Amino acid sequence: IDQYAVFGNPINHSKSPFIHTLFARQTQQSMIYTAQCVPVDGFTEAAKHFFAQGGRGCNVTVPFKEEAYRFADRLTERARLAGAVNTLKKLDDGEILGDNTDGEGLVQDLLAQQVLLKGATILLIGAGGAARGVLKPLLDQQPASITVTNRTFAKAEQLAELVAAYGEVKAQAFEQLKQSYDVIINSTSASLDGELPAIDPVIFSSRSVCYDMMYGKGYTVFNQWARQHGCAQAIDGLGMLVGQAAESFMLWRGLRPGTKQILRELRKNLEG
């Protein structure tokens, strides 16, 4: 029985165990997955011992994604550009492969919502770690372009440079934005009372698809705002979560499981 787990601190709000337990039951795999809380500076050592007792792979959440990045012998290209790792896997030869499934998780979620990125104009709001981790996979879907935006133009351009070798990626400050986009993806954080960054509503259109990485009961404040100006379809990041997990499950084992059932289940509990 292969062992898998999720290392982080804290782990109280981790859906991974619940998620991967259901995938294993749907695809009947001889595996176990558990949540292991680890001391702020004990990930490296905690990780070493894990692969010793028969650990085949594991997810890494805050705040060990960067430390895991260094811990991995070889990193996938998507992980290299991401600068962080959320999925480790001990290969057959012995070494440990680092990877990041954020991007693909987003892409597979979009496809599930019947959103095609082929030849589309994409607007990525924000340029932090979340935004960084989704670029490459978005580009691979071959869109017309991807525009990265932040309040400060500086941080937006740097990010666009890093992935310039995979597609058409532009950068612009929020005050510059003056056109609509086919698909808007928000990676920024909003306050608990619903205050969003100062972005001109020109970005939205009647045919625009809006995807917000945040999720919760009903619609997110960002999606509600998109709908006030025309948004044709609003989606939250709950699918992305189930997606990225699904991608890790595929990586270790070799079969992508059905999220439909799981995503639905996670949402009922979320709405409860």
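Residue numbers here begin at 1 and follow the sequence given.
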task = Give the stretch, out of 67-75 and 188-196, with the larger mean C-alpha temperature factor in the deposited entry.
result = 67-75
query = Higher mean Cα B-factor in the deposited model: 244-252 or 260-268?
reply = 260-268
key: Residue selected from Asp109, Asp140, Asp102, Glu95 by maximal Cα B factor   = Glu95
note = Based on the PDB entry, the highest CA temperature factor among the options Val134, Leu116, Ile146, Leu91 is that of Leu91
request  = Would you mind checking where the Cα B-factor of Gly42 ranks among the modelled residues of its chain, as the lowest, middle or highest third?
outcome  = highest
query = What third of its chain, lowest, middle or highest, does the C-alpha temperature factor of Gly55 fall into?
reply = highest
remark   = Of the three thirds of the chain ranked by Cα temperature factor, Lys217 occupies the lowest
request  = Name the third of the chain's ranked CA B-factors that contains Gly83, choosing lowest, middle or highest.
outcome  = middle
ask   = In terms of the chain's CA B-factor thirds, is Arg227 lowest, middle or highest?
value = lowest
